[PDB]
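Sequence lines set the chain letters: A, B, ... in the order given, protein chains first and strands last, and positions in each chain run from 1. These values consider heavy atoms only, across backbone and side chains, with no hydrogens, waters or symmetry-generated copies.
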Amino acid sequence: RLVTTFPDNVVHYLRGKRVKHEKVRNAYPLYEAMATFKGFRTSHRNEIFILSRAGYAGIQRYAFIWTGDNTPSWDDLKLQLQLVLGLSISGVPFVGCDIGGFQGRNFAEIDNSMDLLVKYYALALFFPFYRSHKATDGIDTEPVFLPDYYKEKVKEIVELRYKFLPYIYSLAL
Amino acid sequence: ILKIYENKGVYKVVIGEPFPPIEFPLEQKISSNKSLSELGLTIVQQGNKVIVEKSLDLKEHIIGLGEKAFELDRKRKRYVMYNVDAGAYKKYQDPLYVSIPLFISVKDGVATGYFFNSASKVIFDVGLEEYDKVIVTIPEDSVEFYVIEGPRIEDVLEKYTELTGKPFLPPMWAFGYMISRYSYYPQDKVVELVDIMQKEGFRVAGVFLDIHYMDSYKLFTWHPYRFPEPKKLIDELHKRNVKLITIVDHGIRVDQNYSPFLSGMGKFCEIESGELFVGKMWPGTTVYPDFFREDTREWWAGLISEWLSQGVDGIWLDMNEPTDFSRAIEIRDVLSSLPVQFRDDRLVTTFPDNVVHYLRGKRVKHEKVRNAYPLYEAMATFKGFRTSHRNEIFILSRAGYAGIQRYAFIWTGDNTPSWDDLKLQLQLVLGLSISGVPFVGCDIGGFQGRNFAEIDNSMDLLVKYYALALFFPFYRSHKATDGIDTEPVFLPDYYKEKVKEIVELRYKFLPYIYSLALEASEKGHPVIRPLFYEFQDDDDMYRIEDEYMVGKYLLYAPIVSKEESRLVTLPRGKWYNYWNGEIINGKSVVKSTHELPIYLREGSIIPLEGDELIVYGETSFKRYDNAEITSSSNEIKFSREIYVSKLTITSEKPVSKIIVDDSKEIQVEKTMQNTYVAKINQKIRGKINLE
């Protein structure tokens with residue numbers, strides 16, 4: 001995976017000084033989020049919403065963070081919980097994961113069963129960021145495409161979330 | 001150029017000047033009034049390619065495409081139709097062994113079929129490239145496809161079957177319990193095993209002989225040491241009423257003293273430059289028959305016929321994708337030393353690109369007609385049975401193309417034993433079934449042995465396989481060389497008894513299954529069906545994949561997990577619980593009450609072993625022996641005199657007595673809720689009344 005990072009000969013200008021990318025790499029997303037947040041101010045937009053995949057200390061000033069490209073599976077339920085809680089205990093409060101898992105059907109070790117999907121909705125019941133996201137070749141995971149049995153379960157879980165939204169938002173404040 | 005022909009709700013669209021892999025007759029070529037736009041299609045011709053587009057709505061369902069390791073509703077995936085030796089395939093792997101370029105669209109409850117008659121590497125991009133479109137790409141400058149009107153899915157399949165060919169009617173023993181392995185030998189061991197199986201109560205219909213029976217893998221030969229007395233072997237099995245099916249590959253060994261090689265000369269596949277296509281297969285250096293040629297077909301039929309004359313009862317065609325290993329071996333020889341791990345590109349096992357065939361006198365590239373290869377091999381093999389005046393025909397094929405149903409059964413190849421595979425096998429056989437190939441099955445217990453860690457050989461999983469395929473048309477146990485022995489006789493009594501009861505239950509339902517087979521060969525209706533086939537108007541049905549219908553009357557929800565019970569989704573209408581007698585209202589979810597969750601639909605007639613008969617509601621049914629049975633008000637009519645042993649009537653209203661032909665009255669007995677039994681044990685002229 002390290003092959004997907006910027007090469008070693010890349011440089012930036014931090015506070016007027018020329019520095020190597022490897023010395024300041026992790027702060028890159030922080031400064032991008034900062035500039036994007038500034039973009040909302042420039043528009044006199046009071047309701048700000050920014051989602052970021054990467055981050056560094058301070059990223060909480062400007063954005064929500066979701067756990068990226070997770071794989072649908074029973075084990076992933078426990079993994080996502082460790083990921084969001086680790087982020088949360090580290091200063092980044094607004095977090096979540098892709099409900100139903102991002103990965104589609106590009107490899108065998110993916111579990112697209114509907115009862116697992118229902119467990120994802122239930123797992124993130126109280127997560128700050130509650131989003132369903134799926135890859136291009138993954139089955140359609142919108143609740144409206146589920147058999148009535150499962151559709152009703154997702155419907156009741158989402159309604160229960162909205163019922164607790166006031167509490168969640170107070171904690172956000 | 002663009003021509004459109006119509007007739008019987010089937011539009012034949014011709015783009016350019018097509019040269020089909022096989023020609024399908026049209027009994028009325030009437031030029032159509034409907035245009036492409038009224039057909040909802042867009043067509044583009046480019047660099048030797050034809051792209052056909054159709055819109056795709058959010059609620060629209062796409063089914064078919066044959067053997068696909070994916071969910072039955074095919075949306076959000078780009079499929080490739082190219083026969084390939086899939087090896088130890090896993091879910092979501094594509095492509096596989098069979099290529100049926102047919103897909104059915106169900107929009108607003110109405111079904112429409114689309115069949116592209118090209119055996120080239122056709123791409124079906126179902127809402128992937130463009131979320132709201134189905135894009136079909138045919139790698140040829142010309143092509144002929146058909147739009148098949150429904151409106152019922154069954155209506156599309158009847159027309160499709162009418163077009164490509166009705167399934168042949170196989171003998172009843174072809175649906176019996178088959179034992180197989182890779183491989184059973186020497187000949188004395190084959191008989192010993194059959195004896196133990198029968199002695200312990202297992203009714204074995206036939207045994208399959210894999211490649212170890214041949215002499216150095218040479219087709220049409222017997223291993224001199226393992227099978228020195230083929231006649232003895234054959235008579236012993238027949239003496240025990242057991243059929244013998246022998247595997248036959250497609251590779252002819254390049255051997256100077258091998259008869260088939262010498263007699264087949266002139267009829268083998270060639271390469272662009274004119275030499276023979278010499279490759280690698282089980283017998284080593286090999287050449288392959290060009291089955292696209294009439295004469296090659298006649299030559300093959302002759303060898304088959306001669307082979308059948310020793311008393312062999314069936315032919316099992318394998319590796320007929322067609323597969324070749326020369327490329328793989330070439331790579332393994334050059335990089336064998338290197339301590340690096342190779343990638344598993346299955347496409348490397350297909351024929352090279354420079355291979356050519358002669359189709360209807362014309363020289364064509366293998367890549368243009370590849371998928372039809374197994375079809376022509378099966379055709380020639382079927383012709384071999386005719387040449388032998390053999391009425392009971394049995395042919396098993398691994399690969400296939402549209403029309404393969406005319407000549408053979410298809411099994412899902414080299415599956416891996418695992419709990420997840422239970423669900424995969426169900427999608428595979430149902431996909432094949434909804435695509436025109438009715439006689440299908442999978443290797444019970446899984447083919448893979450112990451050549452890699454991710455294989456589950458637990459006995460309770462094995463039992464679940466037997467239970468899963470309870471109603472599959474093809475019921476065979478097959479295992480790889482290094483796999484544990486999976487024959488029931490080697491299981492602890494606890495598990496052995498369970499397999500025994502499952503097999504007995506299958507034989508009890510054989511009459512119904514065989515009647516559905518007759519229906520398949522006459523009307524092209526599949527034997528096993530996904531729920532959406534009978535209830536295409538209910539969107540929920542397209543997400544149910546661990547349940548399947550056997551015919552129009554029986555719903556089976558096999559247990560595909562370690563649980564003791566499962567949730568069963570019942571379609572609209574009333575359903576009768578086969579085991580405890582409960583009748584539940586459709587469009588609901590209930591918990592299973594038995595290990596084998598079977599439910600009968602209101603309006604069912606099911607013939608069982610030993611002339612037994614189950615009737616629930618009003619319907620009409622044709623038994624395999626031509627006897628038609630009809631149930632209405634309180635009357636069961638028979639098209640002709642037939643014997644009836646035990647009659648079971650399920651009814652919410654009590655039944656005190658039945659009357660045979662207006663005179664004799666038979667004692668009725670309430671055995672459980674909604675269940676009434678009458679021990680008739682006598683011939684019935686024409687009717688039975690209920691009171």
Residue set satisfying side-chain hydrogen bond (donor to acceptor under 3.5 Å, both in side chains) with B:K464, at least two apart, ordered chain then number -> none
Note to self: Check for me whether B:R476 meets the cation-pi criterion with B:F208, that is, NZ or CZ under 6.0 Å from the six-membered ring centre and within 45 degrees of the ring axis.
What the structure shows: yes
- Side-chain heavy atoms of B:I63 within contact of B:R74, under 4.5 Å: no
| Could you go step by step and tell me if B:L41 and B:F145 meet the side-chain contact (heavy atoms from CB on, under 4.5 Å) rule? | CA-CA 12 Å; B:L41 303 177; B:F145 62 103; 3.5 Å; yes
For this session: Check the pair B:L516 / B:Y514 against side-chain contact (heavy atoms from CB on, under 4.5 Å), numbers first and verdict last.
Result: CA-CA 5 Å; B:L516 293 171; B:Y514 198 50; over 6 Å; no
Applying side-chain hydrogen bond (donor to acceptor under 3.5 Å, both in side chains) to B:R386 and not counting sequence neighbours gives none
Decide side-chain contact (heavy atoms from CB on, under 4.5 Å) for B:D540 and B:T569; before the verdict, give the C-alpha distance in whole Å, the side-chain angles of both, and the deciding distance to 0.1 Å. CA-CA 9 Å; B:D540 283 35; B:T569 297; 5.9 Å; no
Step by step, would you call B:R529 with B:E534 a salt bridge (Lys or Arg N to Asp or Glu O under 4.0 Å)?
-> CA-CA 8 Å; B:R529 324 159 176 186; B:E534 286 298 316; 2.7 Å; yes
* To do: Start with the C-alpha distance between B:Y556 and B:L596, add both sets of side-chain angles, then the distance that settles side-chain contact (heavy atoms from CB on, under 4.5 Å), and finish with yes or no.
  => CA-CA 8 Å; B:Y556 181 43; B:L596 308 175; 3.7 Å; yes
The salt bridge (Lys or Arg N to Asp or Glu O under 4.0 Å) partners of A:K134 (sequence neighbours excluded) come to none
Counting only heavy atoms not in B:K49 (residues, nucleotides, ligands), do more than 12 fall under 6.0 Å from its NZ? yes
Please report, to 0.1 Å, the donor-acceptor pairs under 3.5 Å made by any side chain of residues 102-110 of chain B, with sequence neighbours excluded.
| unit_1 | atom_1 | unit_2 | atom_2 | d |
| --- | --- | --- | --- | --- |
| B:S105 | OG | B:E60 | OE2 | 2.6 |

* Quiz item: cation-pi between B:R360 and B:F19, 6.0 Å / 45° -> yes
Please check if any side-chain donor atom of B:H250 sits under 3.5 Å from a side-chain acceptor atom of B:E377, or the reverse.
-> no
The complete set of ring pair (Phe, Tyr, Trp, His ring centres under 6.0 Å) pairs with one or both residues in residues 419-447 of chain B, sequence neighbours excluded, reads B:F175-B:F439, B:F409-B:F439, B:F447-B:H478
| said: Checking side-chain polar atoms at under 3.5 Å, does B:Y177 have a donor or acceptor matched by the opposite partner on B:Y466? | reply: yes
* Asked: So, are A:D137 and B:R76 salt-bridged, with charged N and O less than 4.0 Å apart?
  -> no
- Check: B:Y92/B:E71 side-chain N/O donor and acceptor closer than 3.5 Å: yes
Original post:
Parallel under 30°, tilted from 30 to 60°, perpendicular over 60°: which one fits the rings of B:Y542 and B:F532?
Top reply: parallel
Across all chains, not counting sequence neighbours, the salt bridge (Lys or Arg N to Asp or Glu O under 4.0 Å) partners of B:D73 are none
| query | Between B:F471 and B:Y512, does the ring centroid distance fall short of 6.0 Å? | reply | no
Without hydrogens or angle criteria, can the side chains of B:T350 and B:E321 be said to hold a donor-acceptor pair below 3.5 Å? no
All heavy atoms of B:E67 vs all of B:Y97, minimum pair found to be OE1-N, 3.2 Å
Rounding to 0.5 Å, atoms CG (A:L146) and CG (B:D539) come to a distance of 12.0 Å
ask   = Under 6.0 Å between the ring centres of B:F124 and B:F116?
value = yes
side-chain contact (heavy atoms from CB on, under 4.5 Å) filter on B:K159, not counting sequence neighbours, yields B:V10, B:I148, B:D155
Those residues at least two apart in sequence (or on a different chain) that pass side-chain hydrogen bond (donor to acceptor under 3.5 Å, both in side chains) with B:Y11 are B:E6
State yes or no: are the ring centers of B:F168 and B:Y407 separated by less than 6.0 Å?
no
Inset, instruction - List the steps, then state whether salt bridge (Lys or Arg N to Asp or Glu O under 4.0 Å) holds for B:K8 with B:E27. - result: CA-CA 10 Å; B:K8 293 178 169 181; B:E27 42 188 46; 2.5 Å; yes
Are B:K12 and B:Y146 in a cation-pi setup, meaning NZ or CZ lies under 6.0 angstrom from the ring centre and within 45 degrees of the ring axis? no
Worksheet item: Between B:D421 and B:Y465, is any side-chain donor less than 3.5 angstrom from a side-chain acceptor?
Response: yes
So does B:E158 pair up with B:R152, basic N to acidic O under 4.0 Å? no
side-chain hydrogen bond (donor to acceptor under 3.5 Å, both in side chains) filter on A:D111, not counting sequence neighbours, yields A:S113
Those residues at least two apart in sequence (or on a different chain) that pass salt bridge (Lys or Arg N to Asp or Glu O under 4.0 Å) with B:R406 are none
Here the salt bridge (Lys or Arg N to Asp or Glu O under 4.0 Å) pairs for residues 126-139 of chain B, sequence neighbours left out, are B:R78-B:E129
Tell me whether the NZ or CZ atom of B:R346 lies within the 45° cone about the ring axis of B:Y89 and under 6.0 Å from its centre. no
Ring centroid separation for B:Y288 and B:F351, is it under 6.0 angstrom? yes
Residue set satisfying salt bridge (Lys or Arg N to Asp or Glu O under 4.0 Å) with B:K368, at least two apart, ordered chain then number -> none
Practice prompt. Flag yes if more than 12 heavy atoms outside B:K166 fall under 6.0 Å of its NZ atom; otherwise flag no.
Written response: yes
